[PDB]
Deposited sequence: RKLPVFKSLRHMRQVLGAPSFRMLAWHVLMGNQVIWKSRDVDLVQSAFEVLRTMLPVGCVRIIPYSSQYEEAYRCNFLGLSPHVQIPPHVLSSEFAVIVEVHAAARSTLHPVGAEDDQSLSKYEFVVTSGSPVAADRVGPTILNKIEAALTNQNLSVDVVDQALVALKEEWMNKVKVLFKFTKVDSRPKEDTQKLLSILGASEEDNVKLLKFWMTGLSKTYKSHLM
């Protein structure tokens, strides 16, 4: 009963700024750390978050008793008293979500942190915007995410096929495809790991 049910639910619970920072890290392939007493809640978090990535981009250690580095996983679950190394705590390339009992999910308080820095990537804005509109049916949200994800994976394919070979050509192509901006370029690079 105390689990995340959707992206939208997760957004309601964590809050808008926190969700956006969390989602940006998921999308870019940065390490996502969840520290909780509750194994199932954490599993539900990952089940929800993974829907934002191509299935090939997911490497999960669901509930570890020690910190594991990024090469080990991009999704990491943790026991409550596990200690996170300083480089992680201050990293701009990881996000930590810590769950505690508070004084759906009312009994928990969530704190989301990351090393301090943005505008994109585009799929994030589009995803956040869909979650935002409370007038959206669940099926619409779900089907839109699938589509959005597919559109972005296609761009990855197009980009891979294209750079099988000037160099300024790539930016030009990307520009037509609406994917020239710095974050979009970073996302495509990461998403390419989800392809052979």
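Novice: Provide the list of deposited-sequence positions lacking C-alpha coordinates, grouped into contiguous ranges.
Specialist: Missing CA coords at 1-2, 106-118, 133-136, 185-187, 219-226.
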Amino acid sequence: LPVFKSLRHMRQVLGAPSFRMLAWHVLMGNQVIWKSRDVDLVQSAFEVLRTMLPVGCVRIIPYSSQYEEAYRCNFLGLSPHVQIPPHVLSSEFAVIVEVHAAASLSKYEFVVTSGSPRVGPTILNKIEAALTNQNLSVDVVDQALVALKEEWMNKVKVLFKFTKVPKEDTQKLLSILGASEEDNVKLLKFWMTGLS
From here on, numbers count along this sequence of modelled residues.
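Novice: Determine, for stretches 184-192 and 168-176, which one has the higher mean CA B-factor as deposited.
Specialist: 168-176 has the higher mean C-alpha B-factor.
Novice: If you take the mean CA temperature factor per stretch, which one wins between 8-16 and 21-29?
Specialist: Between 8-16 and 21-29, it is 8-16 that shows the higher mean C-alpha B-factor.
Novice: Identify, among 89, 76, 97, 123, the residue whose C-alpha carries the highest B-factor in the deposited PDB entry.
Specialist: Among 89, 76, 97, 123, the PDB entry lists the largest C-alpha B-factor for 89.
Novice: Which of these, 60, 147, 131, 42, has its C-alpha atom at the highest B-factor, as the entry lists it?
Specialist: Result of the comparison over 60, 147, 131, 42: 131.
Novice: Can you tell me which third, lowest, middle or highest, the CA B-factor of residue 161 falls into for its chain?
Specialist: For residue 161, whose C-alpha B-factor we compare with every modelled residue in the chain, the answer is the highest third.
Novice: Sort the modelled residues of this chain by their C-alpha B factor and say whether residue 49 lands in the lowest, middle or highest third.
Specialist: Lowest third.
Novice: Among the modelled residues of this chain, does the Cα B factor of residue 55 put it in the lowest, middle or highest third?
Specialist: Answer is lowest: the recorded C-alpha B-factor places it there.
Novice: Going by the recorded CA B-factors, say which third of the chain residue 69 sits in, lowest, middle or highest.
Specialist: Middle third.
Novice: For residue 38, return the chain-relative third of its C-alpha B-factor as stated in the PDB record: lowest, middle or highest.
Specialist: Residue 38: CA B-factor falls in the middle third of its chain.
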